[PDB]
Amino acid sequence: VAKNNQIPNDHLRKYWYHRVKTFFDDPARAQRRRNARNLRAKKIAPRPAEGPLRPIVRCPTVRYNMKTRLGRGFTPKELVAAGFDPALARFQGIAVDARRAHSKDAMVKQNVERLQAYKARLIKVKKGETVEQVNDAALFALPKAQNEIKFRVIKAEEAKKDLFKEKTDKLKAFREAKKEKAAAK
Amino acid sequence: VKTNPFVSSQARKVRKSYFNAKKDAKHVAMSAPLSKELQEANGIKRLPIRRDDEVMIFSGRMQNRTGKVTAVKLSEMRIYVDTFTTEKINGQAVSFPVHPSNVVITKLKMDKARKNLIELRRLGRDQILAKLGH
Amino acid sequence: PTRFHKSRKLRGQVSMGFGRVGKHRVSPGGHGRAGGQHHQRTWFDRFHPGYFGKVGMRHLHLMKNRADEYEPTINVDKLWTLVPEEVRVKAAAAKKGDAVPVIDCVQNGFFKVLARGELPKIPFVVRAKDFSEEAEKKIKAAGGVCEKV
RNA sequence: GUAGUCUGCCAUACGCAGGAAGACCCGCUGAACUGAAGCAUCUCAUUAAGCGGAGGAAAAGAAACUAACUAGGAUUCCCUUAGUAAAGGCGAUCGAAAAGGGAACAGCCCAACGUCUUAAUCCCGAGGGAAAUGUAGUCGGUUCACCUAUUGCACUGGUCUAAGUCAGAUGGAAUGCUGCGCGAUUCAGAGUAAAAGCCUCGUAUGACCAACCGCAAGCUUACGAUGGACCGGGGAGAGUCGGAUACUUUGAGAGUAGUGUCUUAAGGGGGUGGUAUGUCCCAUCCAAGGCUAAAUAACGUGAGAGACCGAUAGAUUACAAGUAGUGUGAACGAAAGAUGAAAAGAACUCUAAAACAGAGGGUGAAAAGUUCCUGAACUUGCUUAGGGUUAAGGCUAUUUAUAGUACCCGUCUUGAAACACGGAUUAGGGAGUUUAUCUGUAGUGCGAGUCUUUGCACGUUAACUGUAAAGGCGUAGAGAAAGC
RNA sequence: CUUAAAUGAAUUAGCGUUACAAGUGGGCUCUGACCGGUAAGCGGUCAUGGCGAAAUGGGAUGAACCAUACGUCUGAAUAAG
RNA sequence: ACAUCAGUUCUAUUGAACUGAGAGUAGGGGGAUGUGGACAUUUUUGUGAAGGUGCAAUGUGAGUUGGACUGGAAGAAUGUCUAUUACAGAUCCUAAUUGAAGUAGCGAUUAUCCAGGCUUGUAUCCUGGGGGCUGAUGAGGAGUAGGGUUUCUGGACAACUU
RNA sequence: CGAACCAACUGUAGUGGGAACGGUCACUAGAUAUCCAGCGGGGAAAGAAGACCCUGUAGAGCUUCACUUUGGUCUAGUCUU
RNA sequence: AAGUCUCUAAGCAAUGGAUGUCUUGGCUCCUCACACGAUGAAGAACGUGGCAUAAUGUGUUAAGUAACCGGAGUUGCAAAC
C-alpha cells in the first residue's frame, strides 16, 4: 500500500492461473453455429426457418413494464380462440406453453391477431408435390413499441388538487394513530 | 491464389509430402517434354518416363547425345541412361544420374497403360483449348 | 511497448533504477492490505479514513427492480428534451383551450421529477410516478398538470 | 407312501461383466506450503494427490419455480446484474440470485386409480415357460370441431486442364544479366547442377462417367386419430417431508446444502414468499419415482495456419531416443545435423618389414578428402622485427627509447590497493517481463452523451465491414433508515 | 460613495500554485560549545563547514586539514605552499 | 580558438547574431547507436552476398565506412511496427583449453640368469638348462550364491592390460 | 610412459601513513640473469558460504506447572429391548 | 656488456568448433474424430529378410499369402521374375 491510490482490491489469491479460459474459438464458434442452422433450414424445407411462431409478452418487474418481448409459447386458451388444435399446433409450427395464465385481456387480443395472421396464410403440402420455402421475418418478429405524443385537452380541475399535502397528511394521520395506541395502552 | 483450404502452401509441408509421396505420385513427378517430331504425332507435350524409351539432354558435359533409360530411381529422384558415362580413375564406366525436367524425350515405347494415358490427355487438350479460344 | 520503457535505457547501470543499499525485494510491507491497524496504518489513516469499523443496518435480499430501490430521476428544467422540438413550437401558439401535449416520463424510464431550474409559459401534462414539492409548484406556475401513476 | 408348492444348493445350454485409456465429465475422500508481515478461527480450497465410475460428449432438465408487475414460465451456456446484497479475529479476504440482452428450444410416463377388460401382456419357436404376491390398456358418456404423411439414421470413387526446355555472352550448371515473344477462372507453393508466370509436379476451374439409389418407424379415409365444451367420477410416491441435536459445507445471516443419531406427520390439506416465534389476510406452486436431443467442456490420443524457434534455440528427442547409461527398487536420462551439382570416395609407381607414414601422379569449377561448408577466440609451432636490473600493461609529449605520470577490477560499506569477499583463460547462453483491477500525465475521436463487445448479417474469411436492442460508466445528492 | 497628497530606508531580486513519481529512513568528521568516562582513533548531543557523491595543487605519504571546487586546448599572472 | 547545454535579442518554413555556465554516488528527464522478426518503399549480388582475419579513414561516443586477403550464396538501406533485444563478474550455466609439467609419480605381489626358436622388432611369446618361490585353510584340484560365454581352436595389435 | 591440487595480476627488503599487521602507494636500501637438490620463515598459502557468539516476528528434536485440542479410559442418557 | 630464454606485434599453419548461411524437426492456435477388449485389447518376450544388431513390417502362410483397388522395376551388391 503506497501513495494516494484506492484500496488494493484484486480477487487473485486463488490459483486462477491454472483455471484459464481463452476465447480464440469465437470466430470458429460462429461458423459451427452458422453451418448448423444452414444444415437445418435445408432439412426443414419447405417449412419456414425463422419459426416456430412465438407470443408477444410483457416483462415482469417495475423497470420493464414498458417493454414487450418474445415469450415461450401460446396458451391453450389463446389457440382455441384463434382457431387451432392445442396438441397438433406444435407440428403446425407454433410453440405452445400450458403454464402461463397471468396474461390479462389486452395481451390476449394481440396474440389472437398474431395467430390469425399466421393461420390466414398457412397452407398444407398435398402428397407428391414440392413447394418453395417462403421465409418471412416480418411475421415472426415482434412489432416495435413506440408512441409519439397522445396530446389531450386540459381539465380545468387541476388547481383544485395539491398532491404534496395529500401525501404528507396521510403519513401524519398514520403517525398519530400509532402514538395514541402507544401512549394509552 | 488458392481457394482450396486442404492443400497447404507452407514450404515445410510441401517438401515433406513431395519426398515422402506414394509410389504412384512419384512416377508422375518424374516426367519430361517430347521432341516436336513426337508432339505432332501423339498430340501431347508432357509425359512420365519409363525404362523402355530414350532421351536427349541439351547443356552439359554429356551435351547432345541420345540414349536409352537403364533405370529410373524414385528415392534418389534421378534417371540413369546408356552412353552417359564417365570412367573412374580405374578403367570402369559408371552411369551418371540426370533429372528428367532438364531433358527431352526423343523416342517412346507403348504400353496398354501408356496408350490409355495418351488417349485421355489428347481428348482433354481438345476441350481446354476450345474453352480458352485460341 | 518494450522499446519505450525506462528499463531499456538502464542497461549498464547495475541496479536498474532500484538502489544499492536498500535492494529491491518482493515483500517490504506485507501482502495487499496488510498491517492496516499496525505498520501501514499511516497510509490508511491519511488517505482512506473511516475504512475500519461497522456502520448501518443490514439489508437482506436487496433487489433493484422493486420500486423501493429503483427510482430514476429527471428534472423540471428539461422534460421538453423528451419531446422533439417541432411539437412544443406548435404548443406555444395555442389558446387557453385544447391539444396540450403529454410528456410521458414513465415510458422513457424516469419515475420522479425534481425542480432544479426554470420552464417557459407553455401548457403541458407531466405523467410520472412521483414529484417533489417545488417541482409540482413550478409545473402549476408554467400552466400545466401533475398526473400520478 | 405320493402331489403340489415354498426355501436352499449343485450341474448344464446361450449371450453378458472384467482389462486399456482417462484432457474434458459424474460420485466420494481430502492435505499442507502459502497469506493474515507472528498465530490458533479464517485463507490457500469445498484446490493437489488418493479411491470408485461413464461417454463422444457427460451431467442437468418439464415447477411443492420466480415474483409483487402494464407480470414471466423445463434444463444448459455466453454478456450484464456485481466486486454489489451478503459473509468475515467485520482483520486478511471472500461473494451469489430474480429480472434484462443473446445461442439453442421438445416434450413425455410409470406407480395407484379409473371400484371396468374371462391376461386381453411378455419371452422361447406343433407347443413349452413367466405372470393373478399383477403383465397389458385411452376414466365413462353425449356433441360440434379438425386432421390424412411424412420422420430419424446411412451415403462412393475416378479422369482431364494455359503459355519459350526462345536468342546472345559468362559458367562445371542459367531459372540470373541484355533484348524480343506468349499465358492467365492458374504470379498458392515445391522440384529442377544458380534467383523460374511460360522446364516438371501442381495451382485454378468447371466439365466429364462410373458407383450407388436403402435401413428401421409410421402411413393409407372412417364412429380412424386428435382437440373444445357440457354431464358424471377415481387417485396422485412414508422411516418420507419435517423436528431436536452433532459434524461437514455455504454469500445465506436465531442454518444454504448434505450426512449420522434419536424422533416422525398430514392428505378440504400441504409447501414457498431470505430475521426467530405465534397469529389474521393475499399471492403462487403441489415434494418424497423415471426417461429426454440441441446450444456447452476438452493440460489425453489420432489425422491447416503463423509478425514464433533456427541445432547451448525449439519438445527430453531435426540423427537407430525414451536410445546410450545409473540405481536392489520406485524412478532417473544425455551427447550427436551440413563432403560435392554428381562419388567423379583417390588407380598406378617410389622409400618402407608393412592397410605405419608420407612423396609423386590423378579426380573436381574449387580438395571441400570421409562427425569432410564457413573455420572465430583461448593455447601452440615455424618464420620475420624489436624490448628486457625496474612483474607487465596504460596515459601525455616528441626527433621512438627516453622524461613525467599511473595501486586491481566488481561488491556490501562512514571508510577497500587492502592481510574483506567473487575473479586461471576463451567462446556461446545469461536477469524489471506479462495479465487483471485502478491511479495520474500526455496524445486521439465523439460529446450530455459515450462504448458495439455478448451476438446476428457479410467476407478475397480467426481480420476487415455493416447493424437491432439491452447493458456498462456519466447525467443528483445527503442519511443507518423511513421519508425527502 | 467620496475631500485632501504622494509612492516616503539600504542592497538585491520576477513572484505565486498544482500534479505525478524515484532513491533514502546504518552515516562519518574538522574547528568551537557540552554530557558520561582516568582516558581512548571511546560512547551520546549542539552550530557552520567538509567527506560520503569533490578532481587538481599543497601538508614526503593520508576520505575529513589549507588553496580551489573541473568541457577540450594554447599562454599570462597568482593562491595554498 | 573550438564543442556542448541554457538564455537574451530578433526571425516562418527549423535559422541568425550575442552573452553566460561547467564535480557528481543513489536516482530522475532529453536526444542518439546497435540486434532478432514484420509491413511498405528502394536496391545490391558467381565481373563474387553474408561471415572471418589484418589496415586506413570517419564520429565526442555507442558505432559506421573504405580497400586487401579468405569465403562460395545470399545481404543491406530509408520510414513506421514489434521483441525470448546489447554482459567481464553471479563459489553463474554448457562447451573447449592453458600454466603447474616432461614435473609428482610408474605402488602391492618369490628373483631372476644364459643359450636357442618365431620375427622388421622379446628380459616379457614358446623350448631347453641353471637359480628361486608357493610349502596341503597353497595363486593346487573342485563346487553353492553370483557372473553369462569369460570356456575351445584359428587369425589380429587402432585401443586397453601404469 | 605420465597425472592432480591450486591459480585477479604477481612474486627482495626497511620505515611511513593507510580498514589501525602492504608484493604494488610515498621515501630509502638492494638487483644480472636462468637452472638443480634440499627445506618448511612468508604468500594473514590450500581444504568448508564458521559447527563458537548474535540476528530472523526461520525451522526441527525433546520436556512440562505454557496455550489449544484429538484419542484412550471411566460415568450418565437414548436405541437395539 | 650474453641469450635459442622471456615479453609484444605481423604472416603462414596445428588445435578447437564460435560466427554467418541452410532446415523432410519443433512449439502454439483453430478444425474434425475417438467406432480399444473373452471374435483375446493395451503392454511384454522371442522368432522371421540372401547379405539385417536396433527400429519398422509381420507370426512356422513369419519383410509376407489370398481377393478387390492402384499399374511397371521406390536404394548398395547378388539373384530371380
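Read-outs throughout are calculated quantities, based only on the coordinates presented, and are distinct from any laboratory measurement. Here Cβ is always computed from backbone atoms with ideal geometry, including for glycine, and neighbour counts include all displayed protein chains.
Can you tally the net charge around A:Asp136? Count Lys and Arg as +1, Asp and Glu as -1, for every other residue whose Cβ sits under 15 Å from the Cβ of A:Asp136.
Numbers: positive: A:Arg47, A:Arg54, A:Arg114, A:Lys119, A:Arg121; negative: A:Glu50, A:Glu132.
Around A:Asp136, the surrounding residues sum to +3.
Relative contact order for chain B: what percent, with Cα pairs under 8 Å and sequence separation of 6 or more?
Value for chain B: 23 percent.
Out of the GluC sites (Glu not before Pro) in region B:46-97, which ones are loop residues according to DSSP with at most 12 other C-beta atoms within 10 Å? Walk me through the numbers before you get to the answer.
Working: sites: B:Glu54, B:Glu76, B:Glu87; in loops: B:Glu76.
In loop regions of region B:46-97 (DSSP not H, G, I, E or B), the sparsely surrounded GluC sites (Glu not before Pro) are B:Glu76.
If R0 is 51 Å, what FRET efficiency do you get for C:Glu71 and A:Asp26 from their C-beta distance, rounded to 0.05?
Once the sixth-power term is evaluated, E becomes 0.85.
Within region A:64-165, list the trypsin sites (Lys or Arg not before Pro) lying in a DSSP loop whose Cβ has at most 13 other Cβ atoms in a 10 Å radius.
A:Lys67, A:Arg72, A:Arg99, A:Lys104, A:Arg121, A:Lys124, A:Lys126, A:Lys127, A:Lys144, A:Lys150, A:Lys155, A:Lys160
Note down the nm distance, to one decimal, between modelled labels 7 Å out along Cα→Cβ at C:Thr42 and at B:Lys36.
According to this spin-label approximation, the distance is 9.9 nm.
By count of other Cβ within 10 Å, fewest leading, how are A:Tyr17, B:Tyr80 ordered? Please list the in-between numbers first.
Numbers: A:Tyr17 7, B:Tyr80 19.
Final ranking by Cβ density, sparse to dense: A:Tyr17, B:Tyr80.
Pull up the cross-link candidates among the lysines for A:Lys104, meaning alpha carbon to alpha carbon under 22 Å and not fewer than 8 places away within one chain.
Output for A:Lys104: A:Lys67, A:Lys77, A:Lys144.
Can you give the extra length, in nm with one decimal, that the chain gains between B:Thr66 and B:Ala93 once fully stretched, where that is 0.36 nm per residue apart less the Cα-Cα distance?
Working: separation 27, 0.36 × 27 = 9.72 nm, distance 1.73 nm.
My answer for the length gained is 8.0 nm.
Ignore the peptide's own chain and count Cβ atoms of other chains within 10 Å of each Cβ in A:149-162; give me the average, rounded. Walk me through the intermediate numbers first.
Details: counts 9, 5, 10, 7, 5, 11, 3, 1, 1, 8, 2, 0, 5, 5.
Average neighbour count from other chains, rounded to a whole number: 5.
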